[PDB]
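Quick setup: one chain, the form deposited in one PDB entry, written in structure tokens, and binding and motion questions come after.
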């Protein structure tokens, strides 16, 4: 019951971190609208979780987002929290292998998709003194090799989170982000499978953290529920969920 009576929209909620966030909020008593552009994960989740329902929505299609918000209000009567988790990490690409076209496409998903849902949802979040939680990345703050476009998209997300927190603070709407590090998800697993030695890549990924393992979507979920339900003097913050990857010297 930490977030009972509340209504939460999670984008990219059908698998991975989003699915962990969906589960965290349901376990806290909220009703959750799972947004995802693929049917498979989200529809199963909705069958599994009383209190979660699934609405197909591609966050890069404005009308989809418009319909997502209006369906949430029509079905549930309020909107308290928006979690902008939908995003993608391309495979490793050297700078000269990137293109301005792929860059823009990544910006559409990772940055503009977050911007659009937030914009359409803020009128309802103002009425509920709700809050916005963006899922960014540690590599927006510290960089990453072979990921110029992706790093750039997360740099904008973290900064935009602080700018929005300024604009919306007079209206009681808090805006925060979570910067996860290595989190074991289908995306991390997909990228590993494209490496020459997948198990070497995964073992390297675990050791990149002092804690010696990768994170779990459930641990990002717990951070998200904290930001929504118990962090009322927190706005514009970047909550690091990284196992300490940013600390200390390493092999670069």
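Residues that one form lacks are left out of the comparison. Positions refer to the first chain, counted from 1. Note that the rigid core is defined as the largest set of C-alphas that superpose within 1.5 Å between two forms.
If you look for the form deposited in another entry, you will not find it shown, but the lines that follow are about it.
With the core held fixed, the Cα of residue 188 is displaced between this form and the one not shown by 2 Å or more.
With a cut-off of 2 Å and the rigid core superposed, residue 216 has a Cα displacement that falls short of the cut-off between this form and the one not shown. Core-superposed comparison between this form and the one not shown: the Cα of residue 202 travels 2 Å or more. Once the core is fitted, the segment that moves between this form and the one not shown, counting only runs of three or more residues with each CA displaced by at least 2 angstroms, is 185-206 alone.
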